[PDB]
Protein chains: 4
Amino acid sequence: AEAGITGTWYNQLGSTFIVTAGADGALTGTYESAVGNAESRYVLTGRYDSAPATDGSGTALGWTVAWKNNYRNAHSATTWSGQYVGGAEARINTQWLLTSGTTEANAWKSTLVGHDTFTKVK
Amino acid sequence: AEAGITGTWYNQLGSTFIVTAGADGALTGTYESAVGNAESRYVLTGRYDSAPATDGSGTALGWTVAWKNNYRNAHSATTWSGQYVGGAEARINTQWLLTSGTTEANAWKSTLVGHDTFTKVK
Amino acid sequence: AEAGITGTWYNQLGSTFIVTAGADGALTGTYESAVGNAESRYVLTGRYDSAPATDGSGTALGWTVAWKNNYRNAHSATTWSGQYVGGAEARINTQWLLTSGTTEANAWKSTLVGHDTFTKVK
Amino acid sequence: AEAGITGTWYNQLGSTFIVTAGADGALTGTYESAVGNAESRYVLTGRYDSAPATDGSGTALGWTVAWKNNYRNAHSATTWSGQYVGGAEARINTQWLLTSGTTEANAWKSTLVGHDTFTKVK
Ligand SMILES: O=C(O)CCCC[C@@H]1SC[C@@H]2NC(=O)N[C@@H]21
Ligand SMILES: O=C(O)CCCC[C@@H]1SC[C@@H]2NC(=O)N[C@@H]21
Ligand SMILES: O=C(O)CCCC[C@@H]1SC[C@@H]2NC(=O)N[C@@H]21
Ligand SMILES: O=C(O)CCCC[C@@H]1SC[C@@H]2NC(=O)N[C@@H]21
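What counts and how
Residues numbered from 1 in each chain as written, not as in the entry; some residues may be left out. Chains lettered and ligands numbered in written order. Heavy atoms only, no water. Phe/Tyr/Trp six-rings, centres within 6.5 Å; stacked < 30°, edge-to-face > 60°. Helix = DSSP H or I, 4+ residues; strand = E, 2+ residues; numbered from the N terminus. Buried < 20%, exposed > 50% of the residue type's maximum accessible area, 1.4 Å probe, protein only. Near = heavy atom within 4 Å. Polar contact = N/O pair within 3.5 Å; in protein donor to acceptor, adjacent residues only side chain to side chain. Areas by Shrake-Rupley, 256 points an atom, 1.4 Å probe, with all protein chains shown as cover. Nonpolar A, V, L, I, M, F, W, Y, C, P; charged D, E, K, R; others polar. Pairing = 2+ DSSP bridges. UniProt positions renumbered as here; feature names shortened; annotations may be inferred. Contact = heavy atoms within 4.5 Å. Least-squares fit on C-alpha atoms. Buried area = accessible area lost by both parts, 1.4 Å probe. Salt bridge = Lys/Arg side-chain N within 4 Å of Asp/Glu carboxyl O.

- Structure determination for this entry, per the PDB record, employed X-ray crystallography and reached 1.5 Å resolution.

Take a look at the structure:
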């Protein structure tokens with residue numbers, strides 16, 4: 001939790017996420033996607049369990065990114081739900097949901113699901 | 001977007017979520033789950049597309065809740081990814097991922113997936 | 001389980017699914033999607049818990065459809081995982097994953113996730 | 001497609017899946033989970049795109065397993081949706097939904113979501 005989450009992480013797609021975990025569960029930072037209709041950095045906000053468990057369990061967290069910045073607007077948002085595992089080789093394992101804004105008719109195909117693993121090394 | 005999202009919403013489980021959408025894509029508020037290991041209100045933070053599309057598409061958004069407050073700590077976090085549809089009958093349709101902090105061994109079963117529909121009326 | 005699953009079901013999109021549940025957990029039938037790149041009927045196969053629980057719980061089941069038939073080939077497959085609830089108003093509540101065949105590069109966006117509710121009445 | 005899918009695959013959890021892909025899109029075989037409330041082999045059935053795309057894309061497929069056999073009954077079912085990539089290092093990348101049969105009240109927590117990568121070598 002806290003101390004260990006803050007920093008720069010990289011996932012297998014080459015995206016970068018920089019976060020600051022605050023004392024009381026908040027997560028703030030920027031995300032730069034290596035793929036998709038995105039350019040540069042986007043703002044992210046989230047929450048994490050600041051009082052994780054005796055035991056060697058992971059810390060649960062989640063964050064969101066709306067794919068709109070000053071360069072592009074993809075009219076979509078991604079939320080990543082996962083857990084942080086610290087240690088020699090700390091990682092954040094997640095599953096994500098990417099929803100695009102659609103018309104009611106195309107709503108059945110509005111969401112992509114995937115998973116990303118983030119490490120401190122890339 | 002913006003104006004229309006702010007307020008109190010209720011989903012089919014009887015949970016309540018109160019949010020304020022800010023001018024530049026931020027979402028802030030509290031969530032009270034009617035089910036699960038939760039008691040009272042939890043803080044939520046998220047993001048939404050403040051510049052949605054000509055067209056009648058939904059606005060994409062997402063938010064997170066870490067299930068830790070002053071009463072309980074479930075060591076879990078939920079992220080909801082969906083879109084807001086305004087109108088006579090405005091709703092927010094979402095899919096969610098609820099991750100619990102586990103030991104590496106039980107990580108395969110760390111995440112629940114579901115969907116919630118929120119309305120302004122309950 | 002068994003007896004009760006067999007028949008024609010309809011979901012909220014207007015798709016039709018006809019299945020036969022066999023004595024030992026098998027599910028067979030055809031699916032006709034009302035949306036997407038599909039035309040006519042596609043073959044489906046799956047499995048269900050033939051020995052469900054004392055109790056009023058649902059029966060777990062799942063099935064798959066590859067979107068290739070004699071009219072079209074969408075190079076995709078959908079799997080529905082859910083449970084059957086019998087009674088006056090029997091329904092099958094599910095969550096589905098629709099994966100399209102992509103090049104390694106676009107694999108992160110290969111899967112859509114959604115949910116469908118099927119009833120015996122449409 | 002076809003020829004290349006048939007065989008024994010192993011995923012990162014140590015589970016084994018043996019399948020036979022039939023000429024016209026069917027998948028049949030057995031699954032042995034290394035984790036969970038399962039013992040020995042379970043029957044699986046599924047479908048795959050027998051006429052995949054010029055191009056180097058993956059073949060879409062999906063299969064289901066109901067966790068009931070002669071030794072145990074977990075009253076649950078898993079469906080895996082993913083794609084097969086052949087080559088020197090062929091793999092099947094998937095995302096899965098595991099639904100347990102619950103009472104209507106606990107249905108919101110009836111489904112786990114995860115991802116598995118299968119290889120021909122373990
Ligand atoms: O195309 C879009 O809608 C905007 C970019 C989405 C990029 C996604 S979010 C999940 C996956 N992980 C990443 O780092 N990037 C892609
Ligand atoms: O049990 C827990 O881990 C904490 C409560 C989780 C409640 C979930 S989040 C999704 C679903 N929608 C709700 O409003 N509540 C449940
Ligand atoms: O476009 C395709 O790839 C083929 C059709 C997919 C239709 C999907 S599967 C889930 C949802 N429920 C339906 O009945 N149809 C759509
Ligand atoms: O506990 C159960 O309900 C039965 C076993 C479920 C095992 C799951 S399915 C997905 C994941 N991949 C595996 O090979 N095993 C676990």
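## Topic: the packing of aromatic side chains
- For the coordinates displayed, the defined rule picks out 48 aromatic pairs over all chains.
- Geometrically, the ring pair formed by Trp63 of chain D and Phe118 of chain D is edge-to-face, given 5.6 Å between the ring centres and 65° between the ring planes. Remark: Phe118 of chain D occurs in strand β8 (residues 111-119) and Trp63 of chain D occurs in strand β5 (residues 59-68); sequence separation between them is 55 residues. As far as burial versus exposure is concerned, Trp63 of chain D and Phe118 of chain D are alike and both buried.
- Aromatic ring contacts, followed pair by pair, group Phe17, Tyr31, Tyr42, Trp63, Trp67, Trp80 and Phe118 of chain A into a single cluster.

## Focus on the site of ligand 4
- As a structural note, the neighbourhood of ligand 4 is formed by 18 residues, with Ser15, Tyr31, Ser33, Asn37 and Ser76 of chain D the closest of them.
- Ligand 4 sits at a junction of chains, with neighbouring residues supplied by chains B and D.
- Here an oxygen atom of ligand 4 and a side-chain polar atom of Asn11 of chain D are 3.0 Å apart.
- Between ligand 4 and the protein, one listed contact pairs an oxygen atom with a side-chain N or O atom of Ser15 of chain D at 2.6 Å.
- The fraction of the free accessible surface of ligand 4 (410 Å²) that becomes covered by protein chains is 95%.
- Elements that contribute at least two residues to the shell around ligand 4 include exactly β6 (73-85) and β7 (91-100) of chain D.
- Taken together, the residues that form the shell around ligand 4 break down as 10 nonpolar, seven polar and one charged.

## Considerations on the pairing of strand β8 (residues 111-119) of chain C
Residues and elements named next belong to chain C.
- One ladder, built from two bridges, connects strand β1 (residues 7-11) with β8; its direction is antiparallel. Its bridge partner lying in β8, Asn11 is registered against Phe118.
- Inspection of the sheet shows strand β7 (residues 91-100) paired to β8 by nine bridges, in the antiparallel sense. Its bridge partner lying in β8, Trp96 is registered against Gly114.

## Quick notes on the site of ligand 3
- In the region of ligand 3, 18 residues are neighbours, and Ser15, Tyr31, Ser33, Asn37 and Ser76 of chain C sit closest.
- Ligand 3 sits at a junction of chains, with neighbouring residues supplied by chains A and C.
- Within the side chain of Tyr31 of chain C, a nitrogen or oxygen atom sits 2.5 Å from an oxygen atom of ligand 3.
- Computed on the free molecule, ligand 3 has an accessible area of 410 Å², of which 95% lies beneath the protein chains in the complex.
- Listed by contribution, the elements that provide at least two residues to the shell around ligand 3 are β6 (73-85) and β7 of chain C.
- Ranked by the residues each element gives to the shell around ligand 3, the list is headed by β6 of chain C, at four residues.

## Remarks on the UniProt feature "binding site: biotin" in chain A
- Mapped onto this structure's residue numbering, the UniProt feature "binding site: biotin" falls at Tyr31, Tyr42, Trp80, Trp96 and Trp108 of chain A.
- Tracing the backbone shows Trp80 of chain A in strand β6 (residues 73-85).
- If we skip the residues at most four places from it in the chain, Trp80 of chain A touches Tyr31, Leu61, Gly62, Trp63, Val65, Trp67, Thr94, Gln95, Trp96, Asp116 and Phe118 of chain A together with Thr79 of chain B.
- Along the chain, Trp108 of chain A turns up in the loop between β7 (91-100) and β8 (111-119).

## Here's the deal with the environment of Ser100 of chain C
- Looking at the secondary structure, you find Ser100 of chain C in strand β7.
- Taking the C-alpha atoms as reference, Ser100 of chain C lies 9.8 Å from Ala66 of chain C; in sequence the two are 34 residues apart.
- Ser100 of chain C has contacts with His75, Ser76 and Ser110 of chain C together with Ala60 and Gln83 of chain D, leaving out every residue within four places of it along the chain.

## Examining the relation of the copies chain B and chain A
- Each copy superposes on the other: chain B lies on chain A with an RMSD of 0.0 Å after a rotation of 180° and an axial shift of 0.0 Å. With respect to symmetry, the two chain copies, as superposed, fit the operation of a two-fold axis.
- When the interface residues of chain B are mapped onto chain A, 100% of them again fall at the interface, so both copies present the same face.

## A word on the interface of chain D and chain A
- Every contact between the two is made by five residues of chain D and, on the other side, five residues of chain A.
- Summed over both sides, the interface between chain D and chain A buries roughly 320 Å², with carbon and sulfur atoms accounting for 50% of that surface.
- Taken as a group, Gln95, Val113 and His115 of chain D account for 95% of the area that chain D buries against chain A, more than any other trio of residues on that side.
- Seen at the junction of chain D and chain A, the total is zero salt bridges.
- Remark: the boundary between chain D and chain A carries two residue pairs in polar contact.
- For the side of chain D that touches chain A, the secondary structure elements donating two or more residues are β7 and β8 of chain D.
- No other element matches β8 of chain D, which puts three residues into the side of chain D that touches chain A.

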